[PDB]
Amino acid sequence: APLX
Amino acid sequence: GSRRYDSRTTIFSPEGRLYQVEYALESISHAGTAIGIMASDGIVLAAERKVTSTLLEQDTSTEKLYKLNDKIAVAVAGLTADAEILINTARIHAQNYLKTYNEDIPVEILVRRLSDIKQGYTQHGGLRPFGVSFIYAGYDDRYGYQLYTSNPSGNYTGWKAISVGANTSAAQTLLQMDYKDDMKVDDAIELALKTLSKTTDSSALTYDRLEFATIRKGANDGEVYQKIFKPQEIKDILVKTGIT
Amino acid sequence: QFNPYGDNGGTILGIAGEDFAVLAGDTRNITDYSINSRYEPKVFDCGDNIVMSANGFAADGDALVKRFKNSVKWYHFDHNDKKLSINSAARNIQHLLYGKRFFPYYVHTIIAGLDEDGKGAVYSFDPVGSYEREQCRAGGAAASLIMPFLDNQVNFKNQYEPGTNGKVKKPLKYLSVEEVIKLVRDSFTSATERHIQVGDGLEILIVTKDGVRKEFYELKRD
Amino acid sequence: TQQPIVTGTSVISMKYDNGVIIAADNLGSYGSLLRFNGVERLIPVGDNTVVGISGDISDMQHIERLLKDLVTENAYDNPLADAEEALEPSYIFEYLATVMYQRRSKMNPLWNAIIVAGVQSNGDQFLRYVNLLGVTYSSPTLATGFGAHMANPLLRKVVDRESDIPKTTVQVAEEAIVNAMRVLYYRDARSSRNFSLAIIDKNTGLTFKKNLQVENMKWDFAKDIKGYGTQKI
Amino acid sequence: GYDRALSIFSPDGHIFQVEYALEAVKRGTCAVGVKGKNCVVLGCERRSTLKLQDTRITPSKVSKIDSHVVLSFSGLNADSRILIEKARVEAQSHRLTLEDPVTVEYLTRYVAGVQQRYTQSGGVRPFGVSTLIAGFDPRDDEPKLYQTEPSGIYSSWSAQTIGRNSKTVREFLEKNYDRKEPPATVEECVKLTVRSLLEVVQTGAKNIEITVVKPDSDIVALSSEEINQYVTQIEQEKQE
Amino acid sequence: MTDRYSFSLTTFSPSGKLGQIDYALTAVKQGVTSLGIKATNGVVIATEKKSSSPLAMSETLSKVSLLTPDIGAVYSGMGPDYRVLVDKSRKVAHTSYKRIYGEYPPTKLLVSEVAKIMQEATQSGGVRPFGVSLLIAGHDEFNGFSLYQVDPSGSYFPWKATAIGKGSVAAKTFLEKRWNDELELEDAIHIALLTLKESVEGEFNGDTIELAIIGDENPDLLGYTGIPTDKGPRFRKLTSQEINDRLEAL
Amino acid sequence: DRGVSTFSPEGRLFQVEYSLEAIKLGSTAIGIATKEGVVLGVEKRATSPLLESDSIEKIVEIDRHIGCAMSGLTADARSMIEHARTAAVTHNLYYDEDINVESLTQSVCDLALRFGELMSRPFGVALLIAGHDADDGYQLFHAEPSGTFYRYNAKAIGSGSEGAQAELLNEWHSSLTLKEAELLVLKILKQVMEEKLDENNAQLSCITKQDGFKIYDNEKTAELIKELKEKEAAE
Amino acid sequence: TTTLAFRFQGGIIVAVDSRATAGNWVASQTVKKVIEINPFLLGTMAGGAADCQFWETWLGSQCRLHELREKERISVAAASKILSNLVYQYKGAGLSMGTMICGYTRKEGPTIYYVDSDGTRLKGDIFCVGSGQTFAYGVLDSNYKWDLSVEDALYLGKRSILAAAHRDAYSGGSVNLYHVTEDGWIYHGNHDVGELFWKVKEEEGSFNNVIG
Amino acid sequence: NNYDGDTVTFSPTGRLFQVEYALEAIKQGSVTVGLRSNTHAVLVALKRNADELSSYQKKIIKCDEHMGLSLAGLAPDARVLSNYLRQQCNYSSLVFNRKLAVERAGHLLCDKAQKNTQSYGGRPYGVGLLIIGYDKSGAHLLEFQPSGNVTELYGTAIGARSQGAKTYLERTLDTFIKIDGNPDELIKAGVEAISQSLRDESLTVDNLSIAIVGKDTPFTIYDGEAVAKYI
Ligand SMILES: [Mg+2]
């Protein structure tokens with residue numbers, strides 16, 4: 001999952 | 001179901017009393033009288049045995065006075081078996097406190113937890129209350145010498161002198177009469193025995209129908225000693241104050 | 001050691017117009033270098049004018065879709081047959097996904113339909129339930145091939161007004177359904193050319209205020 | 001967390017115009033040891049469904065018991081048990097698929113790949129696959145293990161898309177299946193010569209053939225092969 | 001677990017176990033709370049059929065729950081310990097998570113909630129206790145006084161009393177307390193509190209306790225003479 | 001299903017009596033007489049083996065039981081209640097003492113544990129009190145010989161000598177006349193045998209009397225040799241023959 | 001005695017029926033539904049003049065679009081309100097929307113029969129639940145301890161209820177303005193109340209789509225009281 | 001991510017970028033990394049996209065329940081401590097969050113709390129959080145004064161995110177800007193770096209490292 | 001009398017009085033009717049109100065696309081039982097991809113109710129249900145009583161004065177049983193059946209409630225202006  | 005056979009031990013009367021507590025107290029009122037008296041330099045515990053048989057082994061016996069830790073003892077009026085359950089709890093509770101804080105448990109704190117246990121049996125669980133009243137005698141470095149009582153309701157109060165069990169009405173009147181604040185231990189010893197002597201339902205007070213204990217600073221310098229009297233020691237203190 | 005995940009390939013794509021939205025996906029299903037099926041649909045009508053695809057590990061994708069369809073059923077039972085709005089579906093799906101945060105569904109999820117003002121809407125989710133509304137999203141194996149094409153052709157990125165000295169951007173505008181289906185079909189044929197897990201067939205579900213229509217197209221089978 | 005011990009190799013299958021064919025050899029391997037030879041890996045359920053299983057045989061036997069218990073349970077308080085409320089192939093499949101995915105989700109799989117072949121009550125052909133991961137799919141042809149690599153390409157030459165199914169007779173399809181089984185015996189080191197085959201036809205019902213053998217094998221050219229390059233005699 | 005539904009409804013719509021818990025409160029020693037302009041005073045009767053009491057160690061009737069809030073009660077004494085402990089724990093837990101001490105209203109609502117819970121849970125009887133809870137919210141100087149009872153209902157009072165003969169002293173306060181002009185000072189407020197208790201008590205000897213609570217955690221218990229002075233001073237204004 | 005009796009079946013009446021304990025004591029009153037006498041070098045416990053039918057073999061029914069090698073028990077009241085108490089008493093000697101300290105519990109403490117069990121049957125939910133009084137005779141290194149009586153309430157008392165059950169009042173009087181602090185164990189056995197004849201109706205021999213002692217260590221009863229600090233059980237049941245030997249010189 | 005979950009020979013639950021008696025002893029609560037809003041008004045009934053009446057809280061917010069009034073054993077309502085608030089906020093978390101008033105009411109009513117030998121007795125309090133949602137507009141619900149709830153155009157509960165309900169039967173029509181409905185609640189309350197209605201012993205509230213659920217201050221209510229006397233005097 | 005928030009004379013500035021990445025893949029350029037909890041409360045997101053989004057909207061629900069129960073808006077301290085006590089329960093499970101809880105109450109004044117998934121909770125005037133935090137710090141610190149005008153503060157916050165968006169590969173897209181005052185938060189727009197960079201380069205004369 | 005304290009007690013004539021008292025709440029319930037042909041099955045229910053300011057309590061609940069029921073008696077008990085049915089229908093779909101047989105729905109309800117008639121502390125359900133559905137063997141109507149007895153019928157009715165409708169349906173049998181392929185005619189017959197149970201009242205537009213399920217109709221409910229067609 002993506003991170004910011 | 002089983003609801004049919006439930007006495008409902010933890011309910012209020014229409015007057016707002018707890019039946020089972022009242023009836024437990026009624027049970028305790030026929031128990032051997034126990035007296036606590038607090039002096040400036042120590043405490044006395046005296047208690048009358050439930051009427052002896054000559055064949056009872058009286059020296060290796062204990063029915064009334066129990067050691068909780070080194071600084072605290074109790075006098076029992078009521079069901080002995082019920083009292084032992086509570087005594088082992090109290091003994092363990094004392095040790096938990098010591099283990100946790102590296103300091104001996106303050107007397108009130110011990111008394112409160114035992115009383116809190118009793119209280120629980122009157123509010124939840126549907127079990128019968130413990131048919132026991134205690135006189136607690138102990139020392140700690142906050143309040144010094146302290147006397148407390150607890151009863152099946154789990155209510156506790158502190159005293160200069162107090163009695164539990166049989167004939168507390170007569171006994172309390174007599175203590176009120178002769179007690180005075182500046183009293184020494186040895187005077188309190190005498191007061192305790194003289195009070196039992198007059199309130200007893202027996203013909204005359206003898207060594208073999210008694211248990212006796214002191215809590216003094218009467219060891220060596222700023223530290224405290226519990227003395228649970230041997231039969232021969234009671235026989236002597238009974239002579240020393242001229243009751244026999 | 002037992003590995004509870006697998007990868008079934010394929011790719012999906014959602015585009016939203018002014019009064020419609022599409023959700024497309026190829027119909028190929030694979031494991032490793034083998035084809036399992038050339039036609040195994042993975043875009044679904046879920047009721048209440050919502051279409052949904054959950055692409056990646058098919059078993060997880062099917063479980064999730066099943067759970068959401070069921071969620072729609074109970075939403076009716078519990079709230080007096082009320083219509084489940086797309087924004088509410090999106091949030092519900094976040095909780096479905098995040099509920100398995102520590103043993104995730106290995107899928108990239110996209111749903112499409114109409115918002116409460118009748119405008120086309122596409123929502124996309126990461127595997128553990130992060131979500132966001134967009135005009136535009138590709139997901140799955142060929143996502144990286146198709147997405148930048150969509151940035152360019154749907155949102156007119158890096159495109160300027162000729163002779164304005166690269167100072168005035170190409171102005172944004174909604175696309176017709178005819179234009180959108182063209183971009184979808186080209187996106188998938190291009191993806192099929194360059195990605196081995198994409199091919200066989202293309203199924204498009206179009207969503208307007210009159211319901212859900214399907215269109216199907218053959219894709220290269222190599 | 002498991003590892004398969006006694007195992008069954010490929011299960012192959014396809015749809016034809018009136019029904020479905022499914023086959024699987026009668027071997028239970030134990031690593032490279034071909035340990036057991038009378039192993040039935042096709043299990044019929046009612047007279048409208050055959051379930052073919054590859055992978056761990058202890059888990060296959062567990063699944064047999066589930067299916068046989070399912071039949072029993074379906075008959076309970078069901079006066080239409082042998083009619084409108086008979087078990088369909090789609091019911092049997094979904095039940096298995098549900099179990100397979102739950103077991104993978106508990107990190108304790110049934111170490112199998114399963115093909116459920118049959119005919120629905122409305123006459124439709126049912127062919128669907130499920131495995132230890134709970135992955136499911138449908139195709140005109142389905143195979144497991146080496147079958148997926150070697151049978152599918154052969155069976156898809158016959159039925160390559162949906163429209164090819166009406167055009168395929170049971171003689172043609174059985175030929176393709178039987179030929180595919182020979183190839184697997186040539187090339188799969190964990191296959192046996194003996195196998196079972198079942199046809200579920202919407203008219204003739206279930207035909208279950210046991211003790212089939214791979215025949216018409218080409219081995220003669222072996223005599224002409226000398227050495228590995230330069231050797232002559 | 002012991003399960004019996006002890007608090008149940010009777011045909012007339014009464015819960016007798018709750019109502020009998022109120023009877024236990026009625027039998028309890030009197031407690032009164034009066035709030036001034038800038039303080040709250042808690043007065044408590046102590047029944048005087050007891051000499052040889054040790055007052056150093058005997059549980060006082062007003063309890064600090066936190067350093068800015070006190071609680072007193074009438075009814076079963078053993079029951080009141082349970083509520084006080086729970087209240088004390090909650091006070092610390094509130095500071096831990098909210099980083100602010102409890103409001104008097106919040107703490108009252110909590111104690112009230114505990115009391116209510118015991119009126120519809122199996123295997124337990126209601127608390128035979130009503131409480132007066134008083135103090136000042138953090139960084140606030142407006143005084144607070146609340147009352148709870150066995151049923152769980154709670155509310156705010158300009159002044160209130162509970163326990164035996166509380167109707168006599170409520171009577172007193174109702175004609176002697178001006179909403180418009182509350183006891184403008186400590187001295188004034190303590191007096192009104194002692195007067196109301198003298199309606200019911202006996203001698204103002206070792207019979208009355210008073211605890212004063214001012215803002216910012218300023219709580220002090222008056223001792224015999226300080227109270228005794230108030231008693232002496234009221235009877236000398238009485239002969240008129 | 002399951003036990004929904006989680007409330008006490010023993011409660012205080014308005015006069016303060018606990019009915020079920022009183023009634024349990026009444027069951028003990030009905031029970032056959034048993035007694036114990038404490039000598040200077042031993043303790044004796046005895047009772048009548050009052051058989052149900054003469055077809056019954058009453059050696060198979062032991063009323064006097066070994067608890068530890070130095071502790072024995074006898075009872076008056078309800079036999080089945082006693083049997084399970086012995087089972088529980090034997091076990092608690094191990095679980096709550098021997099498995100902790102590597103030695104058997106002293107008499108008072110084992111007694112204390114039995115009392116606890118009996119007290120719990122007086123307050124716990126869904127049970128009645130035990131319908132028995134026990135006499136527990138025992139020896140331990142630091143307390144010597146001792147004799148205890150345990151009642152349905154859970155109360156226990158140390159005795160020089162006592163009796164319980166049917167003819168206890170009479171038997172207690174008999175024992176006051178004969179008991180002194182100089183009794184050698186053989187004298188205590190003799191007094192026990194005299195006291196018991198008063199209350200026995202029918203046959204009075206070594207087949208109808210059950211009698212055990214806590215006395216000297218019995219190496220011959222140990223079962224092994226080679227650890228000189230292990231000297232054998234102080235508990236011994238007298239045989240049918242041993243009793244009859246003492247009845248001719250009665 | 002006899003089980004808490006027992007049926008009477010008429011086929012009613014004793015405990016539920018007895019809780020309905022407790023509710024009749026409660027202070028009066030009235031609600032009126034209009035197309036411009038829903039009004040909720042209650043009788044505070046201070047048991048003594050020393051008790052500070054603003055501390056009497058018988059009208060309560062559930063969410064911005066839902067309000068609640070109660071009558072009976074009001075301490076029993078704390079957990080019902082707590083459940084209601086959680087149910088409302090949770091729904092908004094799961095679905096990014098406002099929870100319907102009927103769904104809220106049904107959620108609270110599910111609690112009601114979860115008693116037996118779960119809680120030990122039914123609740124001794126009835127609830128008037130008033131709110132707005134986009135689907136069914138302004139709504140009023142009467143939620144009983146039987147688990148039953150009824151939608152109403154207007155409803156009174158508590159001691160003065162049978163008198164007040166008959167009055168509401170006459171006065172309610174499908175075109176009441178909000179201001180008419182406020183006055184009407186005030187009027188009917190003054191009729192059935194023991195002591196004389198003023199701004200300190202009664203309290204008003206409404207929920208409108210635009211500003212949500214608001215409890216009226218005493219200054220605002222006092223003026224509607226004054227406006228009500230001048231309306232009655234003037235004919 | 002790059003996010004910042006700083007206190008000053010005129011309240012609080014909050015500025016964040018809008019990029020999400022999965023490795024080197026740019027997953028989105030339009031993420032809303034500020035969550036509007038209530039009209040006086042803001043939360044910033046950095047770390048796991050789902051973790052942040054889920055638990056910060058969950059936080060809003062908890063703050064709403066506080067004000068229903070307590071008839072009062074929740075304090076910044078208490079709101080931040082709900083989140084930090086929540087993530088502390090999950091410590092070791094692998095949650096990934098770096099958040100700032102920003103708001104005004106009358107009892108507190110303007111207040112910022114930094115809260116992360118190791119369970120760290122810090123009150124402070126300036127924080128920058130995310131993979132681009134150091135870049136933002138460099139600009140922000142070297143121009144920060146307590147007395148910045150609201151106008152200058154807004155620009156500095158915006159300019160600091162721009163700095164990080166440029167140098168940090170994992171920050172970019174657009175700048176989102178907020179100002180928080182005694183009257184609540186005010187949104188100050190979405191600013192695409194696409195156009196903002198060139199605008200700032202031209203007007204400010206900075207970014208000379210870049211081919212103009 | 002001495003034997004009606006709980007469900008776990010038989011009377012000396014072998015009766016269960018708490019179950020019988022549960023049956024009594026059904027009798028106080030507003031009337032509802034079920035009937036079916038070979039192609040459809042219909043529920044009609046008379047809804048009851050509190051007074052003229054109140055709503056009319058719903059008596060019909062959808063269980064699945066092919067199943068649903070009407071209630072008479074304690075409404076919360078119908079909510080519990082209908083919710084159980086929803087789950088059971090649901091489980092049949094997710095696990096077996098199979099629409100639940102109406103007969104099995106019947107057996108499942110019987111067994112659920114029965115448990116509450118043999119154990120201490122519980123209580124019988126205080127509601128009667130009429131279940132209709134269309135499944136693999138056609139249209140069905142079931143009658144559920146909280147004794148646990150479930151019965152399959154061509155038609156029936158329950159609640160106060162249901163004996164009027166139940167008599168009417170008993171004569172009408174040969175007619176309504178053969179109203180195939182005509183929804184509106186089957187409903188008309190149902191509405192007439194219920195009318196035999198009215199006293200001092202007749203069917204208004206916000207008083208009547210109808211539901212239908214069958215060959216190509218999902219279970220749907222008609223209320224308000226949608227039932228005006230039938231008055
Ligand atoms: Mg390709």
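Convention: sequence-line order gives letters A, B, ...; per-chain numbering from 1. Below, each value reflects all heavy atoms present in this structure, side chains not excepted, and no hydrogens, waters or symmetry copies.
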| said: Other residues, nucleotides and ligands only: do more than 12 of their heavy atoms fall within 6.0 Å of NZ on C:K73? | reply: yes
| query | Between G:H91 and C:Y75, which heavy-atom pair has the shortest distance, and what is it? | reply | CE1-CE1, 4.4 Å
| said: Does C:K119 have more than 12 heavy atoms from other residues, nucleotides or ligands lying within 6.0 Å of its NZ? | reply: no
| Is it the side chain or the backbone of C:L84 that comes within 4.5 Å of chain G heavy atoms, both, or neither? | side chain
| How many angstroms lie between atom OG of C:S71 and atom OH of G:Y95, to the nearest 0.5 angstrom? | 4.5 Å
| request: For atom OH of G:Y94, decide whether the heavy atoms of other residues, nucleotides or ligands shown that lie under 6.0 angstrom number more than 12. | output: no
| query | Just how far is it from atom CD1 of C:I86 to atom CG of G:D96, taken to the nearest 0.5 Å? | reply | 12.0 Å
| message | Between C:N92 and chain G, with a heavy-atom cut-off of 4.5 Å, which part of the residue counts as in contact: side chain, backbone, both or neither? | response | both
| message | Please classify the contact between G:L93 and chain C as side chain, backbone, both or neither, with a heavy-atom cut-off of under 4.5 Å. | response | both
| query | Within a reach of under 6.0 Å around CG of G:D217, are more than 12 heavy atoms found that belong to other residues, nucleotides or ligands? | reply | yes
| task | Measure G:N92 against the heavy atoms of chain C and call it side chain, backbone, both or neither at under 4.5 Å. | result | backbone
| message | Regarding C:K82 and G:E102, does a basic nitrogen lie under 4.0 Å from an acidic carboxylate oxygen? | response | no
| message | Could you check whether atom CD of C:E116 has more than 12 heavy atoms from other residues, nucleotides or ligands sitting under 6.0 Å from it? | response | no
| task | For C:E215, look at atom CD and say whether over 12 heavy atoms of other residues, nucleotides or ligands are found less than 6.0 Å away. | result | yes
| remark: Whatever's closer than 4.5 Å to a heavy atom in chain G on C:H95 counts as side chain
